[PDB]
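If you're matching them up, the sequences are chains S, R and P in order.
For the first sequence, the authors' numbering begins at 104 and goes up steadily by one.
For the second sequence, the authors' numbering begins at 151 and goes up steadily by one.
For the third sequence, the authors' numbering begins at 463 and goes up steadily by one.
See below for the structure under consideration.
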Amino acid sequence: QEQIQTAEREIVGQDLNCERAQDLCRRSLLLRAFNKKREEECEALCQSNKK
Amino acid sequence: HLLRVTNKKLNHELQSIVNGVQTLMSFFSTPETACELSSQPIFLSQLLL
Amino acid sequence: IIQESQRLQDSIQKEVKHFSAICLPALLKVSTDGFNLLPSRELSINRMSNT
């Protein structure tokens, strides 16, 4: 029963690492959307500078 | 890293707009306040009638 | 133009630094009574069980 409770604690510790990898994926997607929106604004300023 | 490149591009275009407008305004300044440079009048309003 | 250009200087790098400090789960709003959007993190079920 001690061996079972030790291995149960190790399984719960692994669920915590999967959520961190998902937070990184969400941040990386939001920052990609943000980079695209800032490229469009930079292209608008480049047109104003050509004028 | 992409965002850091986009930030350098944005800062460069912002600085190019500043330099572009300062250069643009240098054509409108009257020759009395500018030093000895051959400020040949570009506008009719700058010519002595 | 010099003043407004200085406000926008390093704008992307300022926003990214602030975004890095945010907790994404705090943005996730849920409505209990149809009218009041509360952060999911303020729900007592999540305060008590969310890692």
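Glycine residues also receive a C-beta, built at the ideal position from the N, C-alpha and C atoms.
Residue from the options whose Cα sits closest to the Cα of residue i
i: residue 490/P; options: 501/P, 497/P and 507/P; result: 501/P
i: residue 133/S; options: 497/P, 496/P, 478/P and 472/P; result: 478/P
i: residue 137/S; options: 468/P, 465/P and 476/P; result: 476/P
i: residue 149/S; options: 160/R, 151/R, 152/R and 154/R; result: 160/R
i: residue 182/R; options: 151/R, 196/R, 170/R and 166/R; result: 196/R
i: residue 480/P; options: 130/S, 113/S and 110/S; result: 130/S
Anticipated Cβ contact below 8 angstroms, residue i with residue j, distance rounded
i: residue 146/S; j: residue 156/R; result: Actually they do not touch by this definition, with Cβ atoms about 11 angstroms apart.
i: residue 120/S; j: residue 163/R; result: Residue 120/S to residue 163/R, Cβ: 42 angstroms. No contact.
i: residue 168/R; j: residue 467/P; result: 5 angstroms
i: residue 509/P; j: residue 488/P; result: Going by Cβ atoms, the distance from residue 509/P to residue 488/P rounds to 12 angstroms, so no, they are not a contact pair.
i: residue 486/P; j: residue 126/S; result: 6 angstroms
i: residue 499/P; j: residue 493/P; result: 5 angstroms
i: residue 113/S; j: residue 513/P; result: With a Cβ gap of about 15 angstroms, residue 113/S and residue 513/P do not count as contacting.
Bridge partners - residue i, DSSP secondary structure assignment
i: residue 491/P; result: 501/P
Residues of its chain near residue i, where Cβ-Cβ distance is below 7 angstroms and the 5 sequence neighbours each way are ignored
i: residue 177/R; result: 192
i: residue 111/S; result: none
Cβ shell of residue i (< 6 angstroms), same chain only, five flanking positions each side left out
i: residue 483/P; result: none
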